[PDB]
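Printed here is coords-v7.pdb (PDB, C-alpha atoms and all ligand atoms):
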```
ATOM      1  CA  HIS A1250      -2.918 -16.838  40.974  1.00  0.00           C
ATOM      2  CA  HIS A1251      -1.453 -18.895  38.134  1.00  0.00           C
ATOM      3  CA  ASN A1252       1.283 -21.472  37.768  1.00  0.00           C
ATOM      4  CA  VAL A1253       1.960 -22.601  34.207  1.00  0.00           C
ATOM      5  CA  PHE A1254       4.181 -25.432  33.020  1.00  0.00           C
ATOM      6  CA  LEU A1255       5.118 -27.032  29.701  1.00  0.00           C
ATOM      7  CA  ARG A1256       6.056 -30.677  29.179  1.00  0.00           C
ATOM      8  CA  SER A1257       7.477 -32.849  26.431  1.00  0.00           C
ATOM      9  CA  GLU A1258       7.896 -36.615  26.315  1.00  0.00           C
ATOM     10  CA  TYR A1259      11.500 -36.119  27.508  1.00  0.00           C
ATOM     11  CA  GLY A1260      11.073 -33.530  30.258  1.00  0.00           C
ATOM     12  CA  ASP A1261       9.504 -30.336  31.550  1.00  0.00           C
ATOM     13  CA  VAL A1262      10.407 -27.349  29.379  1.00  0.00           C
ATOM     14  CA  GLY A1263       9.284 -24.470  31.585  1.00  0.00           C
ATOM     15  CA  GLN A1264       7.668 -23.659  34.948  1.00  0.00           C
ATOM     16  CA  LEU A1265       6.493 -20.049  35.192  1.00  0.00           C
ATOM     17  CA  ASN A1266       4.485 -18.224  37.862  1.00  0.00           C
ATOM     18  CA  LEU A1267       1.941 -15.423  37.385  1.00  0.00           C
ATOM     19  CA  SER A1268       0.712 -13.199  40.210  1.00  0.00           C
ATOM     20  CA  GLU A1269       0.056  -9.523  40.936  1.00  0.00           C
ATOM     21  CA  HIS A1270       3.691  -8.677  40.180  1.00  0.00           C
ATOM     22  CA  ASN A1271       3.777 -10.847  37.035  1.00  0.00           C
ATOM     23  CA  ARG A1272       0.760  -9.308  35.329  1.00  0.00           C
ATOM     24  CA  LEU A1273       1.920  -6.680  32.800  1.00  0.00           C
ATOM     25  CA  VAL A1274       5.122  -8.334  31.508  1.00  0.00           C
ATOM     26  CA  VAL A1275       4.963 -10.929  28.735  1.00  0.00           C
ATOM     27  CA  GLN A1276       6.499 -14.394  29.087  1.00  0.00           C
ATOM     28  CA  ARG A1277       8.493 -15.609  26.069  1.00  0.00           C
ATOM     29  CA  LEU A1278       9.135 -19.279  25.320  1.00  0.00           C
ATOM     30  CA  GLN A1279      10.962 -20.869  22.391  1.00  0.00           C
ATOM     31  CA  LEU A1280      10.728 -24.572  21.619  1.00  0.00           C
ATOM     32  CA  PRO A1281      14.176 -26.104  20.953  1.00  0.00           C
ATOM     33  CA  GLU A1282      12.554 -28.771  18.752  1.00  0.00           C
ATOM     34  CA  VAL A1283      10.290 -27.444  16.000  1.00  0.00           C
ATOM     35  CA  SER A1284       8.625 -30.829  15.362  1.00  0.00           C
ATOM     36  CA  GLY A1285       8.000 -32.102  18.890  1.00  0.00           C
ATOM     37  CA  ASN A1286       4.890 -32.998  20.882  1.00  0.00           C
ATOM     38  CA  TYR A1287       4.447 -30.549  23.764  1.00  0.00           C
ATOM     39  CA  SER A1288       1.627 -29.930  26.228  1.00  0.00           C
ATOM     40  CA  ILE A1289       0.982 -26.828  28.334  1.00  0.00           C
ATOM     41  CA  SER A1290      -0.961 -26.459  31.560  1.00  0.00           C
ATOM     42  CA  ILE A1291      -2.202 -23.540  33.671  1.00  0.00           C
ATOM     43  CA  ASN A1292      -3.352 -24.038  37.269  1.00  0.00           C
ATOM     44  CA  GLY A1293      -4.832 -21.621  39.794  1.00  0.00           C
ATOM     45  CA  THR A1294      -7.583 -19.018  39.699  1.00  0.00           C
ATOM     46  CA  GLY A1295      -7.991 -16.172  37.204  1.00  0.00           C
ATOM     47  CA  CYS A1296      -7.980 -15.636  33.447  1.00  0.00           C
ATOM     48  CA  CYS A1297      -4.986 -15.859  31.111  1.00  0.00           C
ATOM     49  CA  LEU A1298      -4.127 -15.923  27.412  1.00  0.00           C
ATOM     50  CA  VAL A1299      -1.988 -18.460  25.547  1.00  0.00           C
ATOM     51  CA  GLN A1300      -0.397 -17.698  22.176  1.00  0.00           C
ATOM     52  CA  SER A1301       1.351 -20.246  19.949  1.00  0.00           C
ATOM     53  CA  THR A1302       3.157 -18.997  16.842  1.00  0.00           C
ATOM     54  CA  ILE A1303       5.064 -20.712  14.034  1.00  0.00           C
ATOM     55  CA  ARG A1304       7.570 -18.783  11.914  1.00  0.00           C
ATOM     56  CA  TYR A1305       9.067 -20.062   8.658  1.00  0.00           C
ATOM     57  CA  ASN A1306       9.810 -19.089   5.055  1.00  0.00           C
ATOM     58  CA  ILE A1307       8.163 -20.323   1.855  1.00  0.00           C
ATOM     59  CA  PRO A1308       9.633 -19.956  -1.688  1.00  0.00           C
ATOM     60  CA  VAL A1309       7.203 -17.546  -3.381  1.00  0.00           C
ATOM     61  CA  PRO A1310       4.050 -19.720  -3.707  1.00  0.00           C
ATOM     62  CA  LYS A1311       2.887 -18.547  -7.136  1.00  0.00           C
ATOM     63  CA  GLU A1312       0.950 -21.656  -8.144  1.00  0.00           C
ATOM     64  CA  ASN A1313      -2.721 -20.667  -7.719  1.00  0.00           C
ATOM     65  CA  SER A1314      -4.976 -17.952  -9.092  1.00  0.00           C
ATOM     66  CA  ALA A1315      -4.672 -14.872  -6.892  1.00  0.00           C
ATOM     67  CA  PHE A1316      -4.228 -11.102  -7.082  1.00  0.00           C
ATOM     68  CA  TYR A1317      -2.148 -11.274 -10.224  1.00  0.00           C
ATOM     69  CA  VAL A1318       1.389  -9.855 -10.172  1.00  0.00           C
ATOM     70  CA  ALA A1319       4.200 -10.409 -12.685  1.00  0.00           C
ATOM     71  CA  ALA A1320       7.602  -8.948 -11.811  1.00  0.00           C
ATOM     72  CA  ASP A1321      10.756  -8.823 -13.924  1.00  0.00           C
ATOM     73  CA  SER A1322      13.686  -6.556 -14.696  1.00  0.00           C
ATOM     74  CA  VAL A1323      16.133  -5.476 -17.389  1.00  0.00           C
ATOM     75  CA  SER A1324      19.738  -4.293 -17.489  1.00  0.00           C
ATOM     76  CA  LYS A1325      21.165  -1.280 -19.300  1.00  0.00           C
ATOM     77  CA  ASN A1326      24.828  -1.179 -18.233  1.00  0.00           C
ATOM     78  CA  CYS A1327      25.577  -4.889 -17.853  1.00  0.00           C
ATOM     79  CA  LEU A1328      29.328  -5.273 -17.332  1.00  0.00           C
ATOM     80  CA  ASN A1329      31.393  -8.421 -16.614  1.00  0.00           C
ATOM     81  CA  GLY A1330      28.533 -10.104 -14.769  1.00  0.00           C
ATOM     82  CA  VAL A1331      27.056  -7.858 -12.086  1.00  0.00           C
ATOM     83  CA  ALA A1332      25.328  -4.801 -13.547  1.00  0.00           C
ATOM     84  CA  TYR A1333      25.679  -1.413 -11.883  1.00  0.00           C
ATOM     85  CA  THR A1334      22.154  -0.238 -12.765  1.00  0.00           C
ATOM     86  CA  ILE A1335      18.963  -2.314 -12.795  1.00  0.00           C
ATOM     87  CA  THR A1336      15.507  -1.427 -14.128  1.00  0.00           C
ATOM     88  CA  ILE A1337      12.611  -3.164 -12.365  1.00  0.00           C
ATOM     89  CA  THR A1338       9.172  -3.406 -13.977  1.00  0.00           C
ATOM     90  CA  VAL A1339       6.090  -5.074 -12.493  1.00  0.00           C
ATOM     91  CA  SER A1340       2.559  -5.658 -13.775  1.00  0.00           C
ATOM     92  CA  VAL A1341      -0.447  -5.801 -11.446  1.00  0.00           C
ATOM     93  CA  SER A1342      -4.062  -6.855 -11.979  1.00  0.00           C
ATOM     94  CA  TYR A1343      -7.075  -7.901  -9.910  1.00  0.00           C
ATOM     95  CA  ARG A1344      -8.904 -11.180 -10.541  1.00  0.00           C
ATOM     96  CA  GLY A1345     -11.291 -11.506  -7.583  1.00  0.00           C
ATOM     97  CA  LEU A1346     -15.081 -11.529  -7.642  1.00  0.00           C
ATOM     98  CA  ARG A1347     -15.552  -8.399  -5.521  1.00  0.00           C
ATOM     99  CA  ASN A1348     -17.308  -5.250  -6.720  1.00  0.00           C
ATOM    100  CA  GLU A1349     -14.223  -3.015  -6.654  1.00  0.00           C
ATOM    101  CA  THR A1350     -10.836  -3.056  -4.950  1.00  0.00           C
ATOM    102  CA  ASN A1351      -9.550  -0.812  -2.171  1.00  0.00           C
ATOM    103  CA  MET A1352      -6.121   0.754  -1.656  1.00  0.00           C
ATOM    104  CA  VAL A1353      -3.266  -1.700  -2.207  1.00  0.00           C
ATOM    105  CA  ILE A1354       0.340  -2.003  -1.025  1.00  0.00           C
ATOM    106  CA  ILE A1355       3.197  -3.447  -3.085  1.00  0.00           C
ATOM    107  CA  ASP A1356       6.467  -4.462  -1.412  1.00  0.00           C
ATOM    108  CA  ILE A1357       9.686  -5.244  -3.281  1.00  0.00           C
ATOM    109  CA  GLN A1358      12.694  -6.730  -1.507  1.00  0.00           C
ATOM    110  CA  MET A1359      16.029  -5.440  -2.777  1.00  0.00           C
ATOM    111  CA  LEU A1360      18.242  -7.890  -4.665  1.00  0.00           C
ATOM    112  CA  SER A1361      20.844  -8.299  -1.897  1.00  0.00           C
ATOM    113  CA  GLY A1362      23.581  -5.673  -2.386  1.00  0.00           C
ATOM    114  CA  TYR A1363      21.714  -2.792  -4.020  1.00  0.00           C
ATOM    115  CA  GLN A1364      20.077   0.457  -2.929  1.00  0.00           C
ATOM    116  CA  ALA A1365      17.136   2.547  -4.084  1.00  0.00           C
ATOM    117  CA  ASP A1366      17.315   5.325  -6.678  1.00  0.00           C
ATOM    118  CA  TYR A1367      15.819   8.346  -4.935  1.00  0.00           C
ATOM    119  CA  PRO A1368      15.389  10.414  -8.151  1.00  0.00           C
ATOM    120  CA  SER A1369      13.578   7.461  -9.738  1.00  0.00           C
ATOM    121  CA  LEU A1370      11.285   7.096  -6.724  1.00  0.00           C
ATOM    122  CA  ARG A1371      10.467  10.813  -6.752  1.00  0.00           C
ATOM    123  CA  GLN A1372       9.841  10.673 -10.502  1.00  0.00           C
ATOM    124  CA  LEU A1373       7.362   7.870  -9.846  1.00  0.00           C
ATOM    125  CA  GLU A1374       5.827  10.071  -7.145  1.00  0.00           C
ATOM    126  CA  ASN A1375       5.448  13.246  -9.204  1.00  0.00           C
ATOM    127  CA  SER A1376       4.008  11.125 -11.981  1.00  0.00           C
ATOM    128  CA  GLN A1377       0.416  10.294 -11.077  1.00  0.00           C
ATOM    129  CA  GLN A1378       0.462   6.538 -10.672  1.00  0.00           C
ATOM    130  CA  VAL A1379       1.868   5.969  -7.157  1.00  0.00           C
ATOM    131  CA  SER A1380       0.476   8.223  -4.447  1.00  0.00           C
ATOM    132  CA  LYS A1381       3.178   7.301  -1.917  1.00  0.00           C
ATOM    133  CA  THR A1382       6.622   5.682  -1.951  1.00  0.00           C
ATOM    134  CA  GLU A1383       8.789   4.584   0.959  1.00  0.00           C
ATOM    135  CA  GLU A1384      12.157   2.867   1.319  1.00  0.00           C
ATOM    136  CA  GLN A1385      13.420   1.230   4.497  1.00  0.00           C
ATOM    137  CA  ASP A1386      15.247  -1.922   5.616  1.00  0.00           C
ATOM    138  CA  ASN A1387      15.995  -2.919   2.002  1.00  0.00           C
ATOM    139  CA  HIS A1388      12.247  -3.043   1.219  1.00  0.00           C
ATOM    140  CA  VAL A1389      10.545  -0.526  -1.064  1.00  0.00           C
ATOM    141  CA  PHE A1390       6.827   0.022  -0.500  1.00  0.00           C
ATOM    142  CA  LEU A1391       4.582   1.662  -3.093  1.00  0.00           C
ATOM    143  CA  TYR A1392       1.017   2.525  -2.074  1.00  0.00           C
ATOM    144  CA  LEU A1393      -1.486   2.420  -4.934  1.00  0.00           C
TER     145      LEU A1393
ATOM    146  CA  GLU B 914      -3.716 -29.869  29.590  1.00  0.00           C
ATOM    147  CA  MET B 915      -3.851 -28.934  25.908  1.00  0.00           C
ATOM    148  CA  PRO B 916      -1.073 -30.003  23.533  1.00  0.00           C
ATOM    149  CA  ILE B 917       0.188 -27.786  20.710  1.00  0.00           C
ATOM    150  CA  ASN B 918      -1.112 -28.528  17.196  1.00  0.00           C
ATOM    151  CA  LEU B 919       1.802 -27.486  14.985  1.00  0.00           C
ATOM    152  CA  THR B 920       2.434 -28.751  11.442  1.00  0.00           C
ATOM    153  CA  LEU B 921       5.102 -27.229   9.212  1.00  0.00           C
ATOM    154  CA  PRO B 922       3.927 -27.033   5.577  1.00  0.00           C
ATOM    155  CA  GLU B 923       5.541 -29.125   2.872  1.00  0.00           C
ATOM    156  CA  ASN B 924       8.027 -27.550   0.436  1.00  0.00           C
ATOM    157  CA  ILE B 925       9.468 -25.497   3.290  1.00  0.00           C
ATOM    158  CA  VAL B 926      12.837 -23.744   3.315  1.00  0.00           C
ATOM    159  CA  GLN B 927      15.272 -25.610   5.551  1.00  0.00           C
ATOM    160  CA  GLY B 928      16.598 -23.795   8.602  1.00  0.00           C
ATOM    161  CA  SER B 929      13.714 -21.292   8.728  1.00  0.00           C
ATOM    162  CA  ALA B 930      11.513 -22.700  11.482  1.00  0.00           C
ATOM    163  CA  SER B 931      10.758 -21.391  14.964  1.00  0.00           C
ATOM    164  CA  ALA B 932       8.039 -22.217  17.497  1.00  0.00           C
ATOM    165  CA  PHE B 933       7.195 -19.458  19.982  1.00  0.00           C
ATOM    166  CA  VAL B 934       4.840 -19.350  22.971  1.00  0.00           C
ATOM    167  CA  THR B 935       3.532 -16.082  24.421  1.00  0.00           C
ATOM    168  CA  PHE B 936       2.071 -15.720  27.913  1.00  0.00           C
ATOM    169  CA  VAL B 937       0.443 -12.655  29.482  1.00  0.00           C
ATOM    170  CA  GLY B 938      -0.524 -11.887  33.071  1.00  0.00           C
ATOM    171  CA  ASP B 939      -3.484  -9.793  31.906  1.00  0.00           C
ATOM    172  CA  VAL B 940      -5.900 -10.236  29.017  1.00  0.00           C
ATOM    173  CA  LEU B 941      -4.977  -6.832  27.566  1.00  0.00           C
ATOM    174  CA  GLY B 942      -1.285  -7.041  28.367  1.00  0.00           C
ATOM    175  CA  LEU B 943       0.313  -8.036  25.073  1.00  0.00           C
ATOM    176  CA  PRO B 944      -0.535  -4.752  23.167  1.00  0.00           C
ATOM    177  CA  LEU B 945       1.485  -2.733  25.692  1.00  0.00           C
ATOM    178  CA  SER B 946       5.201  -3.044  24.877  1.00  0.00           C
ATOM    179  CA  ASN B 947       4.510  -3.330  21.119  1.00  0.00           C
ATOM    180  CA  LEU B 948       2.316  -0.236  20.810  1.00  0.00           C
ATOM    181  CA  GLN B 949       4.464   1.383  18.128  1.00  0.00           C
ATOM    182  CA  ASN B 950       4.482  -1.951  16.286  1.00  0.00           C
ATOM    183  CA  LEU B 951       1.124  -3.721  16.645  1.00  0.00           C
ATOM    184  CA  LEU B 952       1.523  -4.815  13.024  1.00  0.00           C
ATOM    185  CA  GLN B 953       4.511  -5.499  10.784  1.00  0.00           C
ATOM    186  CA  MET B 954       2.573  -4.027   7.858  1.00  0.00           C
ATOM    187  CA  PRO B 955       4.019  -0.598   6.981  1.00  0.00           C
ATOM    188  CA  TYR B 956       2.362   2.775   7.562  1.00  0.00           C
ATOM    189  CA  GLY B 957       2.124   5.967   5.539  1.00  0.00           C
ATOM    190  CA  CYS B 958      -1.478   7.212   5.441  1.00  0.00           C
ATOM    191  CA  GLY B 959      -3.863   9.101   7.694  1.00  0.00           C
ATOM    192  CA  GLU B 960      -5.865   6.049   8.718  1.00  0.00           C
ATOM    193  CA  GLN B 961      -2.679   3.966   8.815  1.00  0.00           C
TER     194      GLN B 961
HETATM  195  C1  LIG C1401       5.925 -17.738  42.091  1.00  0.00           C
HETATM  196  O1  LIG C1401       6.631 -16.731  41.386  1.00  0.00           O
HETATM  197  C2  LIG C1401       7.766 -16.259  42.121  1.00  0.00           C
HETATM  198  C3  LIG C1401       8.399 -15.166  41.291  1.00  0.00           C
HETATM  199  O2  LIG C1401       9.744 -14.931  41.684  1.00  0.00           O
HETATM  200  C4  LIG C1401       8.718 -17.417  42.412  1.00  0.00           C
HETATM  201  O3  LIG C1401       8.845 -17.573  43.820  1.00  0.00           O
HETATM  202  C5  LIG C1401       8.228 -18.718  41.786  1.00  0.00           C
HETATM  203  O4  LIG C1401       8.355 -18.654  40.369  1.00  0.00           O
HETATM  204  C6  LIG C1401       6.771 -19.014  42.152  1.00  0.00           C
HETATM  205  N1  LIG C1401       6.688 -19.636  43.465  1.00  0.00           N
HETATM  206  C7  LIG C1401       6.032 -20.778  43.698  1.00  0.00           C
HETATM  207  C8  LIG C1401       5.366 -21.410  42.511  1.00  0.00           C
HETATM  208  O5  LIG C1401       5.980 -21.280  44.816  1.00  0.00           O
HETATM  209  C1  LIG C1402       3.795 -37.165  20.882  1.00  0.00           C
HETATM  210  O1  LIG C1402       2.880 -37.184  21.960  1.00  0.00           O
HETATM  211  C2  LIG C1402       1.528 -37.353  21.513  1.00  0.00           C
HETATM  212  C3  LIG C1402       0.651 -37.287  22.741  1.00  0.00           C
HETATM  213  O2  LIG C1402      -0.687 -37.659  22.442  1.00  0.00           O
HETATM  214  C4  LIG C1402       1.394 -38.671  20.754  1.00  0.00           C
HETATM  215  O3  LIG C1402       0.965 -38.402  19.424  1.00  0.00           O
HETATM  216  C5  LIG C1402       2.715 -39.434  20.730  1.00  0.00           C
HETATM  217  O4  LIG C1402       3.010 -39.931  22.029  1.00  0.00           O
HETATM  218  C6  LIG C1402       3.870 -38.552  20.246  1.00  0.00           C
HETATM  219  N1  LIG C1402       3.872 -38.462  18.795  1.00  0.00           N
HETATM  220  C7  LIG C1402       4.967 -38.650  18.049  1.00  0.00           C
HETATM  221  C8  LIG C1402       6.229 -38.964  18.796  1.00  0.00           C
HETATM  222  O5  LIG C1402       4.939 -38.568  16.826  1.00  0.00           O
HETATM  223  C1  LIG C1403     -20.747  -4.284  -7.192  1.00  0.00           C
HETATM  224  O1  LIG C1403     -21.114  -2.998  -6.811  1.00  0.00           O
HETATM  225  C2  LIG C1403     -20.906  -2.067  -7.875  1.00  0.00           C
HETATM  226  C3  LIG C1403     -21.233  -0.696  -7.327  1.00  0.00           C
HETATM  227  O2  LIG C1403     -20.068  -0.036  -6.853  1.00  0.00           O
HETATM  228  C4  LIG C1403     -21.756  -2.450  -9.086  1.00  0.00           C
HETATM  229  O3  LIG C1403     -20.915  -2.595 -10.225  1.00  0.00           O
HETATM  230  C5  LIG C1403     -22.573  -3.724  -8.869  1.00  0.00           C
HETATM  231  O4  LIG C1403     -23.745  -3.428  -8.120  1.00  0.00           O
HETATM  232  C6  LIG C1403     -21.788  -4.846  -8.161  1.00  0.00           C
HETATM  233  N1  LIG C1403     -21.210  -5.777  -9.124  1.00  0.00           N
HETATM  234  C7  LIG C1403     -20.167  -5.515  -9.925  1.00  0.00           C
HETATM  235  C8  LIG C1403     -19.750  -6.631 -10.834  1.00  0.00           C
HETATM  236  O5  LIG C1403     -19.589  -4.434  -9.923  1.00  0.00           O
HETATM  237  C1  LIG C1404      -4.011 -28.897  13.380  1.00  0.00           C
HETATM  238  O1  LIG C1404      -4.732 -30.140  13.427  1.00  0.00           O
HETATM  239  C2  LIG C1404      -5.299 -30.520  12.165  1.00  0.00           C
HETATM  240  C3  LIG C1404      -6.102 -31.778  12.409  1.00  0.00           C
HETATM  241  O2  LIG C1404      -7.454 -31.482  12.734  1.00  0.00           O
HETATM  242  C4  LIG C1404      -4.189 -30.713  11.135  1.00  0.00           C
HETATM  243  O3  LIG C1404      -4.767 -31.029   9.873  1.00  0.00           O
HETATM  244  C5  LIG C1404      -3.346 -29.450  11.019  1.00  0.00           C
HETATM  245  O4  LIG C1404      -2.239 -29.681  10.156  1.00  0.00           O
HETATM  246  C6  LIG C1404      -2.843 -29.014  12.395  1.00  0.00           C
HETATM  247  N1  LIG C1404      -2.090 -27.771  12.303  1.00  0.00           N
HETATM  248  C7  LIG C1404      -2.598 -26.605  11.878  1.00  0.00           C
HETATM  249  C8  LIG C1404      -1.648 -25.447  11.860  1.00  0.00           C
HETATM  250  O5  LIG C1404      -3.769 -26.488  11.524  1.00  0.00           O
END
```
Could you render the structure as structure tokens?
Ligand SMILES: *[C@@H]1O[C@H](CO)[C@@H](O)[C@H](O)[C@H]1NC(C)=O
Ligand SMILES: *[C@@H]1O[C@H](CO)[C@@H](O)[C@H](O)[C@H]1NC(C)=O
Ligand SMILES: *[C@@H]1O[C@H](CO)[C@@H](O)[C@H](O)[C@H]1NC(C)=O
Ligand SMILES: *[C@@H]1O[C@H](CO)[C@@H](O)[C@H](O)[C@H]1NC(C)=O
Amino acid sequence: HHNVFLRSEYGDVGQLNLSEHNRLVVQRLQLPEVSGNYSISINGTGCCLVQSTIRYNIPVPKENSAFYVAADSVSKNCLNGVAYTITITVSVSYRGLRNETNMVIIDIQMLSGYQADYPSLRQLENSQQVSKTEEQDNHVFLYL
Amino acid sequence: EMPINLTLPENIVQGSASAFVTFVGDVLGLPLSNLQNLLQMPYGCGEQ
């Protein structure tokens, strides 16, 4: 048996109940205020899990020493602003103290309204530097 | 009666902020409906 309830300084956010029926389905809660002061409580007998997650975006925090990556690109057919074809080049290096590195994954997000060049990806594949390529949901993943 | 210790980092993009709370009726209940997607990290290898 469990009854769980969330409070803020202005009111009670949620009052959920967990029993034999409510055992395999997950309960979802979203806080309307992202900078509030909330408190949960669970009452009854049994064992339960609580998860609290925060989701946000950060603008590419490249300010500290880390697994070094330098990405840039060039144009070949630049016309009246937007260029039809783009050529992306990246440089990768390892700067940790470990003995040797394991397999690595590089992800590139497409520059808004573009799409991958399948012949270029397969040329990268048949050349022996990337062992696997993949393109989905405007992200290109290369597995080194 | 535990509060929630949430602190958004400085130099954060405005408008991108969400606070979620997940509850489960069993200890091993969460990895049930997300079995195809335990992790957002992509696949592509034998161990993956
Ligand atoms: C227990 O859960 C049931 C589910 O429908 C509902 O009656 C209510 O949320 C709870 N009842 C209580 C706490 O008396
Ligand atoms: C939020 O509630 C907590 C409860 O301890 C306390 O810090 C204070 O009442 C509130 N803090 C704010 C409004 O910054
Ligand atoms: C790490 O282990 C490797 C063996 O694979 C060897 O070079 C040495 O014992 C360790 N240190 C460095 C710097 O590699
Ligand atoms: C948790 O509380 C600590 C205080 O001990 C605070 O420094 C930190 O910003 C809070 N939030 C997170 C996500 O650690």
Report as a list in words all protein, DNA and RNA residues lying within 7 Å of residue 940 of chain B, evaluated on all atoms listed in the file, omitting residues in the same chain fewer than 3 positions from it.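 Everything that qualifies: residues 1297 and 1298 of chain A; 937 of chain B.
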Residue nearest chain A among B:922, B:955, B:944, B:938 (counting all atoms listed in the file):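 Selected residue with least distance to chain A: B:938.
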Near-ligand residues for ligand LIG 1403 (chain C), threshold 12 Å, only C-alpha atoms and all ligand atoms, as a PyMOL selection string: chain A and resi 1344-1351
How close does chain A get to ligand LIG 1402 (chain C)? List, as JSON lines, each residue of chain A within 9 Å, its nearest atom pair and the distance in Å to one decimal, counting all atoms listed in the file.
```
{"residue": "A:1257", "atom": "CA", "partner": "C:LIG1402", "partner_atom": "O1", "distance": 7.7}
{"residue": "A:1258", "atom": "CA", "partner": "C:LIG1402", "partner_atom": "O1", "distance": 6.7}
{"residue": "A:1284", "atom": "CA", "partner": "C:LIG1402", "partner_atom": "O5", "distance": 8.7}
{"residue": "A:1285", "atom": "CA", "partner": "C:LIG1402", "partner_atom": "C1", "distance": 6.9}
{"residue": "A:1286", "atom": "CA", "partner": "C:LIG1402", "partner_atom": "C1", "distance": 4.3}
{"residue": "A:1287", "atom": "CA", "partner": "C:LIG1402", "partner_atom": "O1", "distance": 7.1}
{"residue": "A:1288", "atom": "CA", "partner": "C:LIG1402", "partner_atom": "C3", "distance": 8.2}
```
For the provided coordinates, the residues matched by the PyMOL selection byres (((not hetatm)) within 10 of (chain C and resi 1401)) should be stated as a list in words.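 Applied to this file, the PyMOL selection byres (((not hetatm)) within 10 of (chain C and resi 1401)) returns residues 1250, 1251, 1252, 1253, 1264, 1265, 1266, 1267, 1268, 1269, 1270 and 1271 of chain A.
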Within 10 Å of ligand LIG 1404 (chain C) (counting only C-alpha atoms and all ligand atoms), which residues show up? I'd like them as a PDB file with C-alpha atoms, keeping the file's coordinate frame.
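Full text of out.pdb as output:
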```pdb
ATOM      1  CA  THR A1302       3.157 -18.997  16.842  1.00  0.00           C
ATOM      2  CA  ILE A1303       5.064 -20.712  14.034  1.00  0.00           C
TER       3      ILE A1303
ATOM      4  CA  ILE B 917       0.188 -27.786  20.710  1.00  0.00           C
ATOM      5  CA  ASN B 918      -1.112 -28.528  17.196  1.00  0.00           C
ATOM      6  CA  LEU B 919       1.802 -27.486  14.985  1.00  0.00           C
ATOM      7  CA  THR B 920       2.434 -28.751  11.442  1.00  0.00           C
ATOM      8  CA  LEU B 921       5.102 -27.229   9.212  1.00  0.00           C
ATOM      9  CA  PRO B 922       3.927 -27.033   5.577  1.00  0.00           C
TER      10      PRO B 922
END
```
Using only C-alpha atoms, find the residues of chain A whose closest atom to chain B is at most 7 Å away, then write them as a list in words. residues 1267, 1271, 1272, 1273, 1274, 1275, 1276, 1277, 1278, 1279, 1280, 1283, 1287, 1288, 1289, 1290, 1297, 1298, 1299, 1300, 1301, 1302, 1303, 1304, 1305, 1306 and 1307 of chain A
Could you write those residues out with C-alpha atoms, as an mmCIF file, in the frame of the given file?
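File again.cif, as written:
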```
data_model
loop_
_atom_site.group_PDB
_atom_site.id
_atom_site.type_symbol
_atom_site.label_atom_id
_atom_site.label_comp_id
_atom_site.auth_asym_id
_atom_site.auth_seq_id
_atom_site.Cartn_x
_atom_site.Cartn_y
_atom_site.Cartn_z
ATOM 1 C CA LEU A 1267 1.941 -15.423 37.385
ATOM 2 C CA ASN A 1271 3.777 -10.847 37.035
ATOM 3 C CA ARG A 1272 0.760 -9.308 35.329
ATOM 4 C CA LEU A 1273 1.920 -6.680 32.800
ATOM 5 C CA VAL A 1274 5.122 -8.334 31.508
ATOM 6 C CA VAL A 1275 4.963 -10.929 28.735
ATOM 7 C CA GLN A 1276 6.499 -14.394 29.087
ATOM 8 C CA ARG A 1277 8.493 -15.609 26.069
ATOM 9 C CA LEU A 1278 9.135 -19.279 25.320
ATOM 10 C CA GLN A 1279 10.962 -20.869 22.391
ATOM 11 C CA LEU A 1280 10.728 -24.572 21.619
ATOM 12 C CA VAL A 1283 10.290 -27.444 16.000
ATOM 13 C CA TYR A 1287 4.447 -30.549 23.764
ATOM 14 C CA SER A 1288 1.627 -29.930 26.228
ATOM 15 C CA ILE A 1289 0.982 -26.828 28.334
ATOM 16 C CA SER A 1290 -0.961 -26.459 31.560
ATOM 17 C CA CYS A 1297 -4.986 -15.859 31.111
ATOM 18 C CA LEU A 1298 -4.127 -15.923 27.412
ATOM 19 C CA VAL A 1299 -1.988 -18.460 25.547
ATOM 20 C CA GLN A 1300 -0.397 -17.698 22.176
ATOM 21 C CA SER A 1301 1.351 -20.246 19.949
ATOM 22 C CA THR A 1302 3.157 -18.997 16.842
ATOM 23 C CA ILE A 1303 5.064 -20.712 14.034
ATOM 24 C CA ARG A 1304 7.570 -18.783 11.914
ATOM 25 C CA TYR A 1305 9.067 -20.062 8.658
ATOM 26 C CA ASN A 1306 9.810 -19.089 5.055
ATOM 27 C CA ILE A 1307 8.163 -20.323 1.855
#
```
Name all residues at most 9 Å from segment 1329-1343 of chain A (count only C-alpha atoms; drop same-chain ones fewer than 2 positions away) and give them as a short mmCIF file (atom, residue, chain, number, x, y, z; two decimals) with C-alpha atoms, keeping the file's coordinate frame.
```
data_model
loop_
_atom_site.label_atom_id
_atom_site.label_comp_id
_atom_site.auth_asym_id
_atom_site.auth_seq_id
_atom_site.Cartn_x
_atom_site.Cartn_y
_atom_site.Cartn_z
CA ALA A 1315 -4.67 -14.87 -6.89
CA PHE A 1316 -4.23 -11.10 -7.08
CA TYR A 1317 -2.15 -11.27 -10.22
CA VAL A 1318 1.39 -9.86 -10.17
CA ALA A 1319 4.20 -10.41 -12.68
CA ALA A 1320 7.60 -8.95 -11.81
CA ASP A 1321 10.76 -8.82 -13.92
CA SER A 1322 13.69 -6.56 -14.70
CA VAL A 1323 16.13 -5.48 -17.39
CA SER A 1324 19.74 -4.29 -17.49
CA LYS A 1325 21.16 -1.28 -19.30
CA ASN A 1326 24.83 -1.18 -18.23
CA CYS A 1327 25.58 -4.89 -17.85
CA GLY A 1345 -11.29 -11.51 -7.58
CA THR A 1350 -10.84 -3.06 -4.95
CA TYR A 1363 21.71 -2.79 -4.02
#
```
Given the file shown, enumerate the residues that the PyMOL selection byres (((chain A and resi 1380-1383) around 10) and not hetatm) captures and present them as a list in words. residues 1354, 1355, 1356, 1365, 1367, 1370, 1371, 1373, 1374, 1375, 1376, 1377, 1378, 1379, 1384, 1385, 1388, 1389, 1390, 1391, 1392 and 1393 of chain A; 955, 956, 957 and 958 of chain B
